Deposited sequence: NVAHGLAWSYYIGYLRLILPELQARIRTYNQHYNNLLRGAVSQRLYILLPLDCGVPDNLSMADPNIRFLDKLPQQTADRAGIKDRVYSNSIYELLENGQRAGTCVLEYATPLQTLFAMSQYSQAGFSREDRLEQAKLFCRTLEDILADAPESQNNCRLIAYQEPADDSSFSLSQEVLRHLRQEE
């Protein structure tokens, strides 16, 4: 359904554009201002995507931005792709450093589920989020611009949880 399109859009209009330049930007950051070499993408299957990650878990702490990537895109001169570096803490220690963000399309699923005109039932959010994750995994498994550049972290909170721990488990390669 809608999730398939959004996963393709996330690949076409973002991942395939930034993943080939990512290691160059991390390299540049390391020798100028170690950050792990992969983009970590958070996929909360409840589609709850806060804008401030440091508010979602106080053991996740904004550190810095990468140097920006710019490109002329669809008539926009110097469209900017920006990514943020986070420190992951564990019992008061810096345990991991990575470029970390939520999958933005999950905000579309959430919003669509709230707007009557979108024809998207509220109870369909989890199934769409799963279909999104599956599609995206399938794309990235075969995409030349990545997999090795990129890690998906999908999770559902229980029906008590630590987002930092979830990320740290993946970081522990």
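For this session: Take the full deposited sequence, match it to the modelled residues, and report the stretches without C-alphas.
Result: Unmodelled stretches, in sequence order: 34-39, 166-168, 183-184.
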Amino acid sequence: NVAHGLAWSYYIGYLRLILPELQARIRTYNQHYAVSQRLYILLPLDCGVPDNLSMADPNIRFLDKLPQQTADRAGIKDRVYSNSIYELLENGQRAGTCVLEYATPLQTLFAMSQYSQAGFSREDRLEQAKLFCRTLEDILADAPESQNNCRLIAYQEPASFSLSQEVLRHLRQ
From here on, numbers count along this sequence of modelled residues.
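Here the rigid core means the biggest group of C-alpha atoms that line up within 1.5 Å when the two forms are laid on top of each other.
Exercise. Following superposition on the rigid core, is the mean squared CA displacement, expressed as RMS, greater for 145-153 or for 12-20 in 4 other deposited structures of this protein?
Worked result: The stretch that sits farther from the shown form in 4 other deposited structures of this protein is 145-153.
Problem set entry | Greater Cα displacement in 4 other deposited structures of this protein once the core is superposed, comparing 60-68 with 42-50 | Stretch with the larger root mean square C-alpha distance in 4 other deposited structures of this protein: 60-68.
Problem set entry | Missing-residue flag, residue 78, threshold a third of other entries | Yes, residue 78 lacks coordinates in at least a third of the other entries compared.
For this session: Compare the mean C-alpha B-factor of 62-70 with that of 23-31 as given in the PDB entry, and name the stretch with the higher value.
Result: According to the entry, 23-31 carries the higher average C-alpha B-factor.
Exercise. So 50-58 or 130-138, which one's hotter by mean CA B-factor in the entry?
Worked result: Comparing averages over the C-alpha atoms only gives 50-58.
Exercise. C-alpha B factor of residue 9, ranked within the chain: lowest, middle or highest third?
Worked result: Lowest third - that is where residue 9 ends up once the chain's C-alpha B-factors are sorted.
Exercise. Residue 93's Cα B-factor: lowest, middle or highest third of the chain?
Worked result: Answer is middle: the recorded C-alpha B-factor places it there.
Exercise. Taking the entry's C-alpha B-factors for this chain, is residue 147 in the lowest, middle or highest third?
Worked result: Highest third - that is where residue 147 ends up once the chain's C-alpha B-factors are sorted.
For this session: Quick one: classify residue 37 as lowest, middle or highest third of the chain based on its Cα B-factor.
Result: It falls in the top third of the chain.
For this session: Would you please rank residue 3 by its C-alpha temperature factor against the other modelled residues of its chain and give the third it falls in: lowest, middle or highest?
Result: As the PDB entry reports it, the C-alpha B-factor of residue 3 lands in the lowest third of its chain.
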